[PDB]
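Novice: Got a sequence here, can you build the structure:
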Amino acid sequence: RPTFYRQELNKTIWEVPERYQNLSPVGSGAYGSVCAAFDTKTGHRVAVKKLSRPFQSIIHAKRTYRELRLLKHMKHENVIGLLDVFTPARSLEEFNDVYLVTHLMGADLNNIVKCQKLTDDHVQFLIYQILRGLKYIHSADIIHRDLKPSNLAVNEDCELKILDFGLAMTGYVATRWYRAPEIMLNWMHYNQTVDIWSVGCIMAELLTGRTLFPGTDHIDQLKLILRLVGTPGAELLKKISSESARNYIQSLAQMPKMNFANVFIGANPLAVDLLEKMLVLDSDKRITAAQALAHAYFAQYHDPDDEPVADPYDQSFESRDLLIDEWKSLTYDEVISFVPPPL
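Specialist: Numbers count the residues shown, from 1 in each chain. And now the structure:
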């Protein structure tokens, strides 16, 4: 057990190992206060996040557990990982706070796009890395569910990490713009390829400097989507479980798929082709991350020997019906058993 020291900063108590120095507040909210700090053991600048009250309810307890499990599992260059997790508690009986430590992220991809349309070589490299990370994430049977520019961290060298996994929306709002239509309107039990739709939305925006589907509400968004990709045929309609949703779709004038070379004017033809494969309305027919990596658009970077998959991820706890204290005791074992990564 390391030695902990205790202080109040902006009216939050921080009780952390002596390895973490020069804590300064960078954040507060529903989920957690965050400080930036210097990690003397690794030499990195880090984000230390104190979870507000993680065992407040069965859903929060389970949320905390889920988040911890997920961050413990993710070990890939293009995906956020855990540097440390700790509690000042010396026993299960006094366990209440959880702190997570990750690399301090500077700029997200919004910074990068908001300024301009990018060069094609830049779009290739950035999308390459999202798909590399996504191959890994999907190989573990994990679905991100909330990919968008603010959840992608990018450095000065254009190196990228996927953050902020959706682990359990109204109006003119950025978060909904990147979501696949079947998840946006709950048409069906959805696929990992909801994430591929998101990548297509992001890629389009990188190439044009504009939001692809900036709908003013769910309906206006759908219409934007159907105008580009066409209205569902019979085959897709059959897979939509809500009768009302099917009737709503059949109320709309049918529309053909547009020519994407006349939307993405002047883009690389290989970029146009890849967008056509990602932005397919029927989620059974969308390209997978692994197939997208093999697409000619990424010939400069693709190397199937350097695109690893994840170790199997046991997600059986999601079906498990436990009490608060059982979720808490599982989370405590996960904290105590943490093994840090290599220097």
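Novice: For the stretch 51-200 of the chain, just list every one of the helices.
Specialist: When assigned using DSSP state H, counting those that start in this stretch, the helices of the stretch 51-200 of the chain occupy the ranges 58-73, 109-114, 120-139, 174-177, 181-184, 194-208.
Novice: Would you format the ones you listed as a markdown table with mean neighbour count and distance to residue 303 included?
Specialist: (C-beta placed from N, C-alpha, C; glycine too.) Output for the helices of the stretch 51-200 of the chain, formatted as a markdown table (neighbours: other Cβ atoms under 10 Å; distance: least, Cβ to Cβ, whole Å):
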| stretch | mean neighbour count | distance to residue 303 |
| --- | --- | --- |
| helix 58-73 | 19 | 24 |
| helix 109-114 | 16 | 23 |
| helix 120-139 | 22 | 10 |
| helix 174-177 | 16 | 32 |
| helix 181-184 | 20 | 32 |
| helix 194-208 | 24 | 19 |
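Novice: did I read that right, residue 280 in a strand?
Specialist: No - counting by DSSP: H, G, I helix; E, B strand; the rest coil, residue 280 is located in no strand; its state is coil.
Novice: sorry, back to before: closest one to residue 336 among the helices of the stretch 51-200 of the chain?
Specialist: Taking Cβ to Cβ as the criterion, helix 58-73 is the member of these that comes nearest to residue 336, at 11.4 Å.
Novice: quick check, distance from that closest one to the centre of its chain.
Specialist: Its chain's C-alpha centre lies 15 Å from the corresponding centre of helix 58-73 when counted by Cα atoms, centre = their mean, to the nearest Å.
Novice: How about exporting it as PDB, limited to the C-alpha atoms?
Specialist: As requested, the backbone C-alpha atoms of helix 58-73 are provided in PDB (Å, rounded to 0.1, in the frame of the first residue of the first chain):
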ATOM      1  CA  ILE A  58     -27.700  -0.400  -7.600                       C
ATOM      2  CA  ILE A  59     -27.500   1.200 -11.100                       C
ATOM      3  CA  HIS A  60     -24.600   3.500 -10.100                       C
ATOM      4  CA  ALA A  61     -22.800   0.600  -8.300                       C
ATOM      5  CA  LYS A  62     -23.200  -1.500 -11.400                       C
ATOM      6  CA  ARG A  63     -22.100   1.400 -13.600                       C
ATOM      7  CA  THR A  64     -18.900   1.900 -11.600                       C
ATOM      8  CA  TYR A  65     -18.200  -1.800 -11.800                       C
ATOM      9  CA  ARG A  66     -18.800  -1.800 -15.600                       C
ATOM     10  CA  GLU A  67     -16.600   1.200 -16.200                       C
ATOM     11  CA  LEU A  68     -13.800  -0.300 -14.100                       C
ATOM     12  CA  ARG A  69     -14.000  -3.700 -15.900                       C
ATOM     13  CA  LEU A  70     -14.000  -2.000 -19.200                       C
ATOM     14  CA  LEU A  71     -11.000   0.300 -18.600                       C
ATOM     15  CA  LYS A  72      -9.100  -2.600 -17.000                       C
ATOM     16  CA  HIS A  73      -9.600  -4.600 -20.100                       C
END
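Novice: Who are the packing partners of that helix?
Specialist: Contacts defined by 3 or more Cβ pairs under 8 Å, 6 or more residues apart in numbering; DSSP states H and E place helix 58-73 against strand 84-86, strand 99-103, helix 324-336.
Novice: Report the buried residues of the last one.
Specialist: The reference is to helix 324-336. Using 16 or more other Cβ atoms under 10 Å as the test for burial, helix 324-336 gives 327-332, 334-335.
Novice: Which two among these are spaced furthest apart?
Specialist: 327 and 335 (12.7 Å).
Novice: pretty sure residue 49 is in a strand, no?
Specialist: Yes - remark: residue 49 belongs to a strand, assigned using three-state DSSP.
Novice: Identify the residues contacting it.
Specialist: Contacts of residue 49 were listed using Cβ atoms under 8 Å, 6 or more residues apart in numbering, and they are 32-34, 99-102.
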